[PDB]
Each structure stands twice: as structure tokens, then as C-alpha cells.
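Just follow the structure's listing: the first ligand is 1, and inside any ligand the first atom is 1. If you read the sequence from its start, that first residue is 1, and numbering goes on from there. The figures that follow rest on heavy atoms only: side chains count, while hydrogens, waters and symmetry mates do not.
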Amino acid sequence: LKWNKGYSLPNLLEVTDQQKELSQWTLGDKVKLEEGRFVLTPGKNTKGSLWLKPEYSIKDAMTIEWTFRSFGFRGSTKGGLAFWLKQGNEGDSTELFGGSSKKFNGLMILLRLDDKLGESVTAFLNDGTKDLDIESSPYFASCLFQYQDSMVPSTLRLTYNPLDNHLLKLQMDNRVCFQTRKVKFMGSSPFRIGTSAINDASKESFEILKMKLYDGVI
Ligand SMILES: [K+]
């Protein structure tokens with residue numbers, strides 16, 4: 001029922017001591033805490049990221065909820081916002097959406113304007129051996145989802161239960177985007193949790209308002 005404070009963001013508005021209350025988080029590149037939320041991409045052609053420092057090891061099951069929005073720009077762009085669960089590596093690349101090398105081991109959930117689906121959530125797996133080629137449409141799951149230019153936040157909820165043969169469910173605003181049993185690495189290995197974004201000169205503002213992790217399904 002209760003969230004795991006050690007793997008969650010604190011209430012960002014209520015923060016008084018930024019250094020203390022964010023000690024478990026790495027702020028990457030241009031991300032800034034501004035008037036009660038993180039702005040990942042505050043300027044033209046900026047990138048930013050938030051990563052939990054400790055690796056998470058699942059007990060039975062887990063829920064991650066990210067509350068986010070994109071404000072200020074609706075239209076054509078290669079910019080986007082990624083949510084990551086990554087395994088066993090520590091390169092310095094930000095080539096993929098301000099967040100990762102094209103070659104990574106884990107799960108990337110991407111909000112972007114896909115050349116063929118348009119405004120969408122697309123989910124990708126990589127096993128660390130190949131460069132992910134995004135423009136070949138190699139995602140294992142997807143849904144259409146409107147995110148650009150809304151003050152009203154959305155919530156991504158990822159639930160994952162190894163005990164139910166690795167059922168992973170991804171909901172956007174409490175509506176199912178996809179469900180899968182293809183993602184299994186989180187049941188048996190520690191992994192890193194984070195988010196990243198990149199924009200362009202149109203200054204799309206990708207923002208994180210809240211993040212909670214729960215040590216079960218809710
Ligand atoms: K910190």
C-alpha cells in the first residue's frame with residue numbers, strides 16, 4: 001500500500017532542502033527543479049535526466065508510477081521522453097533521448113512522435129549486443145497516446161509481477177497501453193530506474209511532477 005521512499009521522488013513542491021531530499025537521485029545534464037517540478041529540457045536543444053542512484057532488487061512484485069507532462073509545444077519534432085529500466089552497465093552516452101547509448105541492456109518506454117504511429121508510447125528491449133535502430137520500428141509493444149502541449153499531467157504506471165510468469169502491464173492515465181510477459185530481467189537481477197528527455201529549438205518542456213515506486217502490485 002505504502003510507497004518505497006528510498007526509490008521514490010519526494011514531494012517536489014514541499015522540498016525545502018534540495019540536497020537532502022534528493023540525495024538518492026542523480027540530476028543529469030540540464031534538468032532543474034523549478035516551482036515544484038523537474039523540467040528535463042528547459043531550453044532549446046537541451047537534454048536532461050533523473051536516475052535513481054541505488055539499483056533496485058524486486059522482492060515479489062513492483063509498481064512504478066511516473067507523473068509527467070509535455071508543455072509549450074505541439075508540432076513536428078524528433079524530441080521525446082523516455083522511461084528506463086536498465087541492467088548491468090554504466091556508459092556515459094546520452095545519444096538515445098538524453099538517457100543512454102543506442103546499445104543498452106534493458107527496457108526503454110518512449111513517448112515521441114513516431115514517423116509511422118505519430119504521437120505514441122513505444123516500448124523497446126535491447127540485450128546490450130546491438131545498437132537500437134529506432135527508425136526501423138523494432139518496438140515489441142505500443143499504443144497511441146496524446147501528450148504534447150498539456151498542462152494537465154499524465155501518469156505512466158508500470159506493474160510487474162515475476163510470480164505471475166513475469167506479467168508486465170503499462171497503463172497511461174489508468175488505461176492499458178500494453179501487457180507483456182517478454183520482459184523478464186527485473187525478476188532476477190538488480191536494475192537502474194530513470195527517465196530522460198531531449199527537445200529541439202521549439203523548446204518542448206518535458207517535465208516530471210512525481211515518481212513513486214511500490215514494493216508490490218496495487
Ligand atoms: K541529488
Side-chain angles (χ1 to χ4, degrees), residues 2-59 62-72 79-111 128 147 151 153-158 160 185-186 189-199 203-216 218:
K2 351 84 133 169
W3 69 89
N4 187 329
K5 286 185 214 71
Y7 290 84
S8 305
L9 282 171
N11 183 281
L12 297 179
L13 186 63
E14 285 165 38
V15 167
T16 62
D17 185 346
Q18 161 151 12
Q19 201 138 116
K20 184 184 82 171
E21 301 176 54
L22 295 167
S23 62
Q24 287 317 115
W25 289 88
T26 297
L27 278 59
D29 294 291
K30 293 299 204 158
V31 65
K32 63 196 296 283
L33 183 58
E34 178 169 39
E35 303 288 4
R37 87 297 193 192
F38 283 117
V39 177
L40 293 165
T41 58
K44 294 182 167 192
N45 297 291
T46 53
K47 65 194 178 193
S49 58
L50 296 164
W51 284 99
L52 276 156
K53 285 180 196 280
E55 294 187 331
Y56 187 73
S57 293
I58 194 158
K59 166 47 187 202
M62 69 172 307
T63 303
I64 292 164
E65 288 172 357
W66 289 97
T67 298
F68 69 91
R69 69 188 176 186
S70 172
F71 182 75
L81 170 61
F83 296 93
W84 303 93
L85 303 181
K86 298 217 315 157
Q87 239 190 324
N89 249 272
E90 315 80 4
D92 263 5
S93 177
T94 54
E95 177 71 355
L96 215 49
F97 295 94
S100 184
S101 168
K102 284 196 284 197
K103 176 195 277 162
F104 66 95
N105 195 145
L107 168 70
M108 183 185 70
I109 302 169
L110 175 64
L111 280 65
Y147 68 86
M151 302 173 277
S154 296
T155 299
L156 177 147
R157 177 181 309 178
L158 184 161
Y160 168 65
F185 73 86
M186 293 96 77
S189 49
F191 57 93
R192 295 167 68 254
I193 298 157
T195 182
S196 67
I198 191 161
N199 69 3
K203 252 176 83 277
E204 189 162 7
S205 189
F206 292 106
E207 313 186 355
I208 303 295
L209 280 64
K210 304 176 48 175
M211 182 275 183
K212 287 179 183 37
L213 179 150
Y214 305 78
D215 299 328
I218 37 77

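Side chains of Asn4 and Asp215: a donor-acceptor N/O pair is present below 3.5 angstrom, by distance only. For the residue pair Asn199 / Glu204, no side-chain donor-acceptor distance below 3.5 Å is found, with atom types taken as modelled.
The salt bridge (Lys or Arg N to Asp or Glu O under 4.0 Å) search around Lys32 returns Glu34, not counting sequence neighbours.
Ion pair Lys212/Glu65 not flagged as a salt bridge, since none of the NZ, NE, NH1 or NH2 atoms sits closer than 4.0 Å to an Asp/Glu carboxylate oxygen.
Annotation: side chain of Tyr7 is not in contact with side chain of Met62 (no heavy-atom distance under 4.5 Å). Contact annotation: the side chain of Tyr56 never approaches that of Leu85 to less than 4.5 Å [non-hydrogen atoms, C-beta and beyond].
Shown here are the protein N/O/S atoms lying under 3.4 Å from the K ion (ligand 1), water excluded: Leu22 O, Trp25 O.
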